[PDB]
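Take a look at this single chain, the form deposited in one PDB entry, given in C-alpha cells.
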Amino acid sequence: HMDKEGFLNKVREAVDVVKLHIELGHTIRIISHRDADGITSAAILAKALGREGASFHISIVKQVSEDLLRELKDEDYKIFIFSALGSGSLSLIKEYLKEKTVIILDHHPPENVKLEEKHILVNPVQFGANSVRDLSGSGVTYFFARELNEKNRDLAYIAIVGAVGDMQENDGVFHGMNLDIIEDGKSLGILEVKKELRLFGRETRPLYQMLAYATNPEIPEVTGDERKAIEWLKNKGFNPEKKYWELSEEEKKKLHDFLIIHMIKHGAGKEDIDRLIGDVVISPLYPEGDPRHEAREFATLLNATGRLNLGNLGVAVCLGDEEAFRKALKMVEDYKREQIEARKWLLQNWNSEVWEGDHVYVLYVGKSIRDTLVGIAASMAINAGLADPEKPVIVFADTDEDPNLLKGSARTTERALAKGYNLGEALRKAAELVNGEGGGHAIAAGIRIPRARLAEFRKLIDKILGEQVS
C-alpha cells in the first residue's frame, strides 16, 4: 500500500530542481536504461523537456557503472537525470557526481545510503511501493513529466509500454500507480484495457506463433512447437494463420476457455492459469496489426532496438518517427528467434552445465546466449520446469564488451520470496566481495562480476542466500 500523495510531493521537489536548470538554459543530460522501461522513460523526458523548450542529450546504456560515471564527471553538463536506473548506484553517484545536480527516476530498492542536497532520489519504494508491481521507471518518469506539465498525460500509453516491458502485470493485472497512469490514459482516450490472452503477438503474429512463443507462462506441449500449435488450433476450430486481433470477441472467449481447459488437463498451476488471461493495454492511436497498437508488442519492438545497441532509434519510435519505426520493425524477428534458440539451448544443456547449490542454480552459458538475454533465459529455466522454482536461478554470460567480464541475471518465484530470499540484497552483498556490481529487486536482480571470480561467486552466493532463509 503506497503513499501516493507523499510520493507525488517528492516528484514536485525534483520538478522544482529541474525547472531551476531549465530557466537558465542548462542542457539536461539524460542517462536511461536500454530496455523498454528505459527507452520509454527517455522518450517521456524528451517530449516533456521539449514542451518546456529545454535542451537535452540522451544516452541509452546497459547499466550504471563506475566507469560510465568516471566519464560523466568530466563531461560538461550541470544537471544529470537518471531514468529507469541508478537506485543501486547511489554511493557511486554520490562519490563521483558530488559537484553536479542529479535526479534519479527509478523504482529499484534503493541503496541504503544518504544523499547530498542536490541529488534527489525519486523512488516509489521509499513510499511503500512494491518495486515490481506498483510502478516502473517509465511510470516514475511519467509522473515527473505530468507534474512538470499536465499536457504530458498524453504520454500515459508510452509509460504503460514500459511497465509491460518490465512485466509489472505479470500476475495478470496492474497494481499501484500504474492504475493511475491507466486512468489518465483512459480519460484522454489514448489507451484501453482489455481482458485478453496475455501473450506476445496480438498484432503481428499468427495465432500458432502466439501459442508456440508462450513461455510466461508456457502452454503445455505447445510451447516451442509450431506444428502442434497449428494442430491444436485447427481441432478447436481456429484458423492458425489468423492473428489474435482478427478474432471476434466471441472467438477470443472460446479460445480462452479452450486454453484454460487445456492448462487444467495438463496439470498447470493455478497461478499460471490465472495470469494467462488478464489486462492487455491497447491504443487507438495506432492501427490494428501495428505492433504499437498493443503494449507488449510495442515493448518487444523497443527491446529489439536495444538488442542491437540502437536504443536511440526506439526513443524516436516512441516520439512518432515513422522512419525509425520502419527500421525497428525489421529487428523484431531476429530478436524472437534468438529467444527460441536460447530456450532450446537451455533444454539441451541445463542438466550437464548447471551448478546446483543448496540455495541457488548457477548456469554459465559462456557466449551461447547473448548477455542481454540471460534474464529471459533465467525466467525460461523456471517456467519450463528445469529448475526447482523455490531455488533461485542465476544465468551468466560473457559481456559483449569485455570477455573477462560476466553479466548475470537472477530470477526466482513468489514462494521462494516467502522463504526469505532477496536476490537484490544477496547479489549486492556478493558483488562487494568479488569486486563487482550488483543489485535489483527481491525477485529479479542483476550482477556484473569479473570472470575469474565465478567459482568463488557460486560458493559465496549460495552461502549468502542460505543466510537469508527465515
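When you see a residue number, it is the position in the sequence shown, counting from 1.
Note on 262-270 vs 72-80: mean CA B-factor is higher in 72-80. Averaged over Cα atoms, the B-factor as recorded in the entry is higher for 424-432 than for the other of 35-43 and 424-432. Among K98, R296, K194, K253, the highest C-alpha B-factor recorded in the PDB entry belongs to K98. For the set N178, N383, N303, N112, the maximum C-alpha B-factor listed in the entry falls on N112. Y208 sits in the lowest third of its chain by CA B factor, as recorded in the PDB entry.
Among the modelled residues of the chain, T412 sits in the lowest third by CA temperature factor in this PDB entry. In the deposited entry, the Cα temperature factor of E322 places it in the middle third of its chain's modelled residues. Per the PDB record, residue ranking by Cα B-factor puts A229 in the middle third of the chain. Split the chain's modelled residues into thirds by C-alpha temperature factor. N351 is in the highest one.
The following text describes the form solved in complex with a small molecule, which does not appear among the structures shown.
For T223, no non-hydrogen atom is located within 4.5 Å of the small molecule in the deposited bound form, even though that partner is not displayed.
At the 4.5 Å threshold, heavy atoms of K195 stay clear of the small molecule in the deposited bound form, well away from it.
At a distance threshold of 4.5 angstroms between non-hydrogen atoms, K336 is in contact with the small molecule in the deposited bound form.
The small molecule in the deposited bound form is not approached by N422, whose heavy atoms all lie more than 4.5 angstroms from it. With the small molecule left out of view, the stretch that reaches within 4.5 Å of it through heavy atoms in the deposited bound form is, among 66-74, 40-48, 409-417, 24-32, 409-417.
Only one of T399, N383, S368, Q209 lies close to the small molecule in the deposited bound form, with a heavy atom inside 4.5 Å, and it is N383. Of the residues given (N312, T101, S379, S283), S379 alone sits with a heavy atom within 4.5 Å of the small molecule in the deposited bound form.
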